[PDB]
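First comes the structure, then the notes that go with it.
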Amino acid sequence: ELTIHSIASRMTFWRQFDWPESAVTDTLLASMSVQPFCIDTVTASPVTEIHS
Amino acid sequence: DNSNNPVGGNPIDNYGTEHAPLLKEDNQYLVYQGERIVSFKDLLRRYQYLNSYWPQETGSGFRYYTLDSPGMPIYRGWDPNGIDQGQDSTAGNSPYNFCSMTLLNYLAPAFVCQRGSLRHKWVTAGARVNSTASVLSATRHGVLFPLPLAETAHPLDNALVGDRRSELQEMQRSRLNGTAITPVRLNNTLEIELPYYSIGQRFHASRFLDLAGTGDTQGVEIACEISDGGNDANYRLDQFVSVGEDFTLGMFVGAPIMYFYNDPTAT
Amino acid sequence: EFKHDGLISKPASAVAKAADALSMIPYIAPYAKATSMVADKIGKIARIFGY
Amino acid sequence: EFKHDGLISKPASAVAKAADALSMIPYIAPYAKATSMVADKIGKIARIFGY
Amino acid sequence: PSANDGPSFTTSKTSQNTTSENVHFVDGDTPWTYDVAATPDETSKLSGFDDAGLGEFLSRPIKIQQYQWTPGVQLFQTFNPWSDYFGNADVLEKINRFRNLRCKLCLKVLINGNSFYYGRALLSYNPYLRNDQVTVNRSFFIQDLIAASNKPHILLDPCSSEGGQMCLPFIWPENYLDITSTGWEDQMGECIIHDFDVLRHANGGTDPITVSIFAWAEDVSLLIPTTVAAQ
Amino acid sequence: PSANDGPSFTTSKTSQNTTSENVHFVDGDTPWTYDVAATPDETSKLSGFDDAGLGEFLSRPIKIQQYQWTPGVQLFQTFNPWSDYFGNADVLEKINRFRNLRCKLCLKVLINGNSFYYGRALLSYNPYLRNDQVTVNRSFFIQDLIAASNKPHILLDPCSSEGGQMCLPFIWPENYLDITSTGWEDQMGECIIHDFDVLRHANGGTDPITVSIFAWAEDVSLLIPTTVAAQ
């Protein structure tokens with residue numbers, strides 16, 4: 001399990017968005033960049049957690 | 001009828017019966033030279049002295065001299081971005097490199113493309129104080145941002161040990177990149193080779209003359225400890241450059257414009 | 001290639017009477033390296049071209 | 001394994017054209033060491049996985 | 001070949017007749033040619049991306065129409081698929097310096113629905129309509145659904161929420177209708193969505209649902225170049 | 001097939017997966033299809049006009065440059081063939097919603113001449129020129145013809161009035177250079193016409209002659225669509 005492809009191929013939850021009632025045809029719900037570095041941060045004024 | 005050929009060619013009767021007679025002399029180099037030189041790729045693998053570097057010119061106290069140099073040797077003459085300063089023809093001053101004109105610097109701006117690994121030697125000559133046990137180290141930089149040729153000193157003689165460790169962590173020697181170390185009192189020679197890593201690049205511009213002000217993507221940081229006492233003022237580092245084995249040059253588009261002049265008086 | 005004591009088995013510098021093929025062009029196979037390649041795939045005397 | 005001059009006989013870093021089996025998973029035998037094992041029991045190119 | 005050239009380049013003399021994609025050169029003498037002998041390798045072009053090319057540009061779907069049914073309100077809509085596809089800004093740059101078109105415009109209707117919505121609408125297609133003094137296009141009558149149910153039609157409902165794809169053949173008395181002329185795609189058949197009554201819902205939900213109409217040209221024959229800007 | 005349809009039309013149920021030139025439809029259920037069963041015949045399409053198509057649009061020659069030698073005056077000209085071909089208004093509508101290009105731009109030089117005119121000019125090509133602090137582009141020196149005669153060059157004279165065609169390979173460190181980015185074709189090689197002395201004439205004629213430069217892209221690989229306007 002120290003293969004790079006064995007660690008990186010794991011399907012991991014990244015983010016979540018919503019699809020409202022007021023959404024109509026040609027309404028953007030989310031846009032995301034195609035790259036490996038998919039992280040998410042939690043700031044709380046001294047600390048800044050990075051969940052990767 | 002072969003009358004506007006871009007390479008020419010229409011042999012008219014010249015003054016010899018035998019065409020190309022010096023290729024039929026098999027044992028010619030048993031008589032005169034001892035060897036034959038056919039390619040430049042064989043001759044580019046002789047090391048040649050490029051430039052020297054004095055570590056007691058940047059900081060103060062006991063410190064760690066670091067030098068960010070390109071992997072390819074810098075060029076010989078009157079730069080607009082030179083690391084030294086010479087007296088020009090107007091009796092003034094201008095930037096100038098007091099480095100040598102290597103065969104790599106000669107052959108590279110006549111070709112379009114360039115790719116390959118490059119070999120260095122760091123020789124560490126001069127004088128030194130008897131209280132040295134320094135380690136000379138070479139470590140490579142990243143291939144996204146080319147750093148120019150620069151000199152930095154990291155102080156190691158603080159009262160706090162943590163503020164010494166924070167200076168040893170500002171260095172490229174502390175990183176996951178490839179590092180070669182040696183003790184100066186025992187070997188004093190690195191003999192490193194910079195590989196050709198790239199962000200999807202098949203080659204780079206072989207006609208790029210401004211290596212001292214921009215750098216390339218094969219840069220290396222050379223690091224060596226130095227003290228502020230006398231007899232370390234003559235402690236220096238000599239760079240010998242040569243060419244790795246996967247090295248190639250692109251298409252030949254002619255010699256550049258050359259210039260002939262001796263070195264000026266260094267001011 | 002990377003072999004033990006490879007300089008002994010070269011003609012390495014010089015005449016090597018059959019090494020008067022300096023008028024021959026070196027052919028590089030489409031993904032040929034320099035080390036474990038054309039110095040053994042062209043001929044014995046392909047080491048005067050630097051390979 | 002512990003052999004004399006083992007780095008010469010590797011492909012050791014790189015392409016090694018038949019070494020494009022990077023999509024293969026390494027199989028470890030039930031009490032396999034790293035040295036005198038799967039680098040010779042999987043194949044020639046099991047040294048790019050670190051064995 | 002011969003005459004003082006090396007392995008890196010080649011100097012030759014090519015033919016007097018040079019053809020390259022609608023321009024012919026009849027030269028008075030054989031010109032000289034300098035080739036730099038540049039063959040690239042594989043792993044220098046992206047493979048597998050031949051699906052969306054330039055030659056098959058007119059087979060790309062665009063969303064020509066979008067409507068929304070609300071519960072309590074009917075769909076009576078009228079559109080021209082030929083005037084909606086070839087009135088696009090991006091296809092009009094590709095049919096620009098050509099003259100003859102001859103397509104076949106297949107369209108597709110998507111409706112999302114739900115198990116509680118019900119009602120049904122009829123989408124019908126009128127093929128030619130050039131000197132057509134009949135087949136009225138007026139306000140809604142329930143008796144316009146009897147004549148429109150013999151034309152090429154599809155039935156769209158929200159309950160099963162399915163269906164909808166017609167082929168729309170070329171039909172036209174000439175072959176290769178002009179692209180330069182004014183209104184060149186307007187009188188070639190149009191679609192009308194009639195509604196049978198009204199969209200309803202069984203739990204009293206009042207959310208609208210969407211009816212989307214896509215269209216694309218199928219077997220394009222686009223072949224005579226000209227200097228005139230294609231309308 | 002079955003179910004109440006006649007010989008003139010066909011109602012079927014097609015697949016849930018519909019692909020047509022970069023748009024996929026994954027449908028929740030099999031839609032209905034109304035085909036009007038329209039097969040045309042032969043002698044309804046023009047045959048033999050597949051030479052100038054839409055897919056091979058970038059292989060069409062355009063006249064990128066035109067100059068005139070007069071007797072007594074030299075040609076010293078400088079142009080960028082990549083910035084002249086792909087700066088055209090009509091090709092920029094075809095490379096418009098794409099991103100990757102990777103061409104090979106072959107050019108051609110035509111000179112009309114006469115048996116009484118003489119003199120000679122050199123057209124040379126500088127291949128890459130991105131971080132190129134050498135190979136000066138300045139006023140005329142006769143000593144700039146020695147460095148330019150090692151680059152890909154052609155010799156153009158009026159007496160035989162012949163020759164001129166180079167291939168101009170892709171050379172670039174990346175594959176598939178971008179079309180969106182600014183100045184995306186400017187630093188990819190440029191041509192310079194030096195003159196060795198001056199155009200002359202033997203009967204004292206003073207009429208100018210014309211040097212025309214055409215260019216077209218040879219093996220185009222234009223393949224990733226995008227919404228950004230291509231510069």
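Note on naming: chains are A, B, ... as they come in the structure tokens, residues start from 1 per chain, ligands start from 1 in the order shown.
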Wanna dump the chain A-chain D contacts at 10 Å for me, each residue with its shortest atom pair and the distance in Å to one decimal, counting only C-alpha atoms, ordered by chain and number, as a Markdown table?
```
| residue | atom | partner | partner_atom | distance |
| --- | --- | --- | --- | --- |
| A:1 | CA | D:26 | CA | 9.6 |
| A:2 | CA | D:49 | CA | 8.8 |
| A:3 | CA | D:49 | CA | 7.2 |
| A:4 | CA | D:49 | CA | 9.7 |
| A:5 | CA | D:23 | CA | 8.3 |
| A:6 | CA | D:25 | CA | 8.7 |
```
If you keep N, CA and C atoms, can you produce a file of those selected residues as a PDB file, in the first residue's frame?
```pdb
ATOM      1  N   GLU A   1       0.801  -1.213   0.000  1.00  0.00           N
ATOM      2  CA  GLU A   1       0.000   0.000   0.000  1.00  0.00           C
ATOM      3  C   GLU A   1       0.836   1.267   0.000  1.00  0.00           C
ATOM      4  N   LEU A   2       2.150   1.162  -0.170  1.00  0.00           N
ATOM      5  CA  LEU A   2       2.985   2.331  -0.387  1.00  0.00           C
ATOM      6  C   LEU A   2       3.187   2.638  -1.860  1.00  0.00           C
ATOM      7  N   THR A   3       2.430   1.994  -2.739  1.00  0.00           N
ATOM      8  CA  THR A   3       2.365   2.420  -4.125  1.00  0.00           C
ATOM      9  C   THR A   3       1.645   3.759  -4.181  1.00  0.00           C
ATOM     10  N   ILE A   4       2.114   4.652  -5.054  1.00  0.00           N
ATOM     11  CA  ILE A   4       1.455   5.943  -5.229  1.00  0.00           C
ATOM     12  C   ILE A   4       0.063   5.754  -5.807  1.00  0.00           C
ATOM     13  N   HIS A   5      -0.082   4.832  -6.756  1.00  0.00           N
ATOM     14  CA  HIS A   5      -1.379   4.610  -7.374  1.00  0.00           C
ATOM     15  C   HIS A   5      -2.333   3.862  -6.458  1.00  0.00           C
ATOM     16  N   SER A   6      -1.833   3.174  -5.436  1.00  0.00           N
ATOM     17  CA  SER A   6      -2.732   2.528  -4.492  1.00  0.00           C
ATOM     18  C   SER A   6      -3.291   3.515  -3.482  1.00  0.00           C
TER      19      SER A   6
END
```
Problem set entry | chain F residues near chain B (12 Å cut-off, only C-alpha atoms) as a VMD selection string | chain F and resid 120 to 136 143 to 166 169 171 to 177 187 to 189
For this session: Determine, counting only C-alpha atoms, which protein, DNA and RNA residues have an atom within 9 Å of an atom of residue E:23; residues of the same chain fewer than 2 positions away are not included. Present the result as a ChimeraX atom specification.
Result: /E:18-21,25 /F:52,60-61
Each residue of chain C lying at most 8 Å from chain B should get a row with its shortest atom-to-atom pair and the distance in Å to one decimal, counting only C-alpha atoms; could you produce that, ordered by chain and increasing number, as a tab-separated table?
```
residue	atom	partner	partner_atom	distance
C:13	CA	B:35	CA	5.2
C:14	CA	B:35	CA	4.0
C:15	CA	B:29	CA	5.7
C:17	CA	B:26	CA	6.2
C:20	CA	B:26	CA	6.2
C:22	CA	B:38	CA	6.8
C:33	CA	B:246	CA	6.9
C:34	CA	B:246	CA	6.3
C:35	CA	B:245	CA	7.5
C:48	CA	B:38	CA	6.5
C:49	CA	B:39	CA	5.1
C:50	CA	B:42	CA	4.0
C:51	CA	B:42	CA	7.6
```
Problem set entry | Check: which chain C residues lie within 10 Å of chain D using only C-alpha atoms, as a ChimeraX atom specification | /C:1-4,31
Problem set entry | alpha helix (DSSP H) call set, DSSP backbone run, chain A, as a PyMOL selection string | chain A and resi 4-8
Exercise. Could you name the residues that touch stretch 69-75 of chain E at 6 Å or less, counting only C-alpha atoms, but leaving out those on the same chain fewer than 3 positions away, as a list in words?
Worked result: residues 195, 198, 199, 200, 206, 208 and 209 of chain E
For those residues, write N, CA, C and O atoms to a file as a PDB file, in the first residue's frame.
```
ATOM      1  N   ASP E 195     -50.721  21.771 -26.593  1.00  0.00           N
ATOM      2  CA  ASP E 195     -51.007  21.065 -25.355  1.00  0.00           C
ATOM      3  C   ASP E 195     -52.441  20.563 -25.417  1.00  0.00           C
ATOM      4  O   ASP E 195     -53.325  21.262 -25.912  1.00  0.00           O
ATOM      5  N   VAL E 198     -53.690  21.055 -20.207  1.00  0.00           N
ATOM      6  CA  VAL E 198     -53.079  21.858 -19.140  1.00  0.00           C
ATOM      7  C   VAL E 198     -52.215  20.909 -18.314  1.00  0.00           C
ATOM      8  O   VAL E 198     -52.577  19.746 -18.126  1.00  0.00           O
ATOM      9  N   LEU E 199     -51.060  21.386 -17.849  1.00  0.00           N
ATOM     10  CA  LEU E 199     -50.268  20.600 -16.911  1.00  0.00           C
ATOM     11  C   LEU E 199     -50.961  20.541 -15.554  1.00  0.00           C
ATOM     12  O   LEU E 199     -51.431  21.559 -15.044  1.00  0.00           O
ATOM     13  N   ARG E 200     -51.034  19.351 -14.969  1.00  0.00           N
ATOM     14  CA  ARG E 200     -51.655  19.159 -13.671  1.00  0.00           C
ATOM     15  C   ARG E 200     -50.662  18.507 -12.716  1.00  0.00           C
ATOM     16  O   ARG E 200     -49.601  18.036 -13.118  1.00  0.00           O
ATOM     17  N   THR E 206     -46.829  23.078  -7.358  1.00  0.00           N
ATOM     18  CA  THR E 206     -46.912  24.137  -8.356  1.00  0.00           C
ATOM     19  C   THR E 206     -45.566  24.437  -9.001  1.00  0.00           C
ATOM     20  O   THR E 206     -45.391  25.510  -9.581  1.00  0.00           O
ATOM     21  N   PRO E 208     -42.690  24.442 -11.761  1.00  0.00           N
ATOM     22  CA  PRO E 208     -42.593  24.232 -13.204  1.00  0.00           C
ATOM     23  C   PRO E 208     -41.611  23.127 -13.540  1.00  0.00           C
ATOM     24  O   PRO E 208     -40.692  22.824 -12.780  1.00  0.00           O
ATOM     25  N   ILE E 209     -41.825  22.516 -14.698  1.00  0.00           N
ATOM     26  CA  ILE E 209     -40.908  21.541 -15.262  1.00  0.00           C
ATOM     27  C   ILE E 209     -40.450  22.058 -16.620  1.00  0.00           C
ATOM     28  O   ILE E 209     -41.087  22.917 -17.228  1.00  0.00           O
TER      29      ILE E 209
END
```
Exercise. Separation of atom CA of residue B:59 and atom CA of residue B:82, in Å?
Worked result: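 Computing the Euclidean distance for atom CA of residue B:59 and atom CA of residue B:82 yields 21.0 Å.
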Problem set entry | Spatial neighbours of stretch 215-218 of chain F, max dist 7 Å, only C-alpha atoms, sep filter under 6 positions, as a list in words |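 My reading of the contact set: residues 58, 59, 60, 61, 62, 63, 64, 85, 103, 104, 105, 106, 107 and 108 of chain F.
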For this session: Compile the residues of chain A that lie within 9 Å of chain E, evaluated using only C-alpha atoms, and express the compilation as a ChimeraX atom specification.
Result: /A:21,24-25
For this session: Name the closest residue to chain E among the candidates F:11, F:17, F:65, F:182; distances are taken between atoms, counting only C-alpha atoms.
Result: F:11
Exercise. Within 9 Å of stretch 172-189 of chain B, counting only C-alpha atoms, which residues qualify if same-chain residues fewer than 2 places away don't, as a PyMOL selection string?
Worked result: chain B and resi 121-125+132-142+168-170+191-192+221-224
Please list as a PDB file with C-alpha atoms, in the first residue's frame every residue within 8 Å of residue F:179, counting only C-alpha atoms and excluding residues in the same chain fewer than 4 positions away.
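The result, stored in out01.pdb:
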```pdb
ATOM      1  CA  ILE F  95      -9.809  28.087 -35.251  1.00  0.00           C
ATOM      2  CA  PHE F  98     -10.646  25.098 -30.211  1.00  0.00           C
ATOM      3  CA  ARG F  99      -7.575  25.207 -28.029  1.00  0.00           C
ATOM      4  CA  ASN F 100      -4.770  22.992 -29.385  1.00  0.00           C
ATOM      5  CA  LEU F 101      -3.287  23.512 -32.849  1.00  0.00           C
ATOM      6  CA  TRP F 184       0.424  32.475 -29.394  1.00  0.00           C
ATOM      7  CA  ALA F 230      -9.396  32.154 -29.989  1.00  0.00           C
ATOM      8  CA  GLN F 231      -7.060  35.063 -30.674  1.00  0.00           C
TER       9      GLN F 231
END
```
For this session: Report as JSON, numbers by chain: the residues of stretch 159-192 of chain E with a DSSP assignment of strand (DSSP E or B), based on the backbone of this structure.
Result: {"E": [165, 166, 178, 190, 191, 192]}
Exercise. So how many Å separate atom CA of residue E:94 and atom CA of residue F:102, to one decimal?
Worked result: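 Atom CA of residue E:94 sits 20.3 Å away from atom CA of residue F:102.
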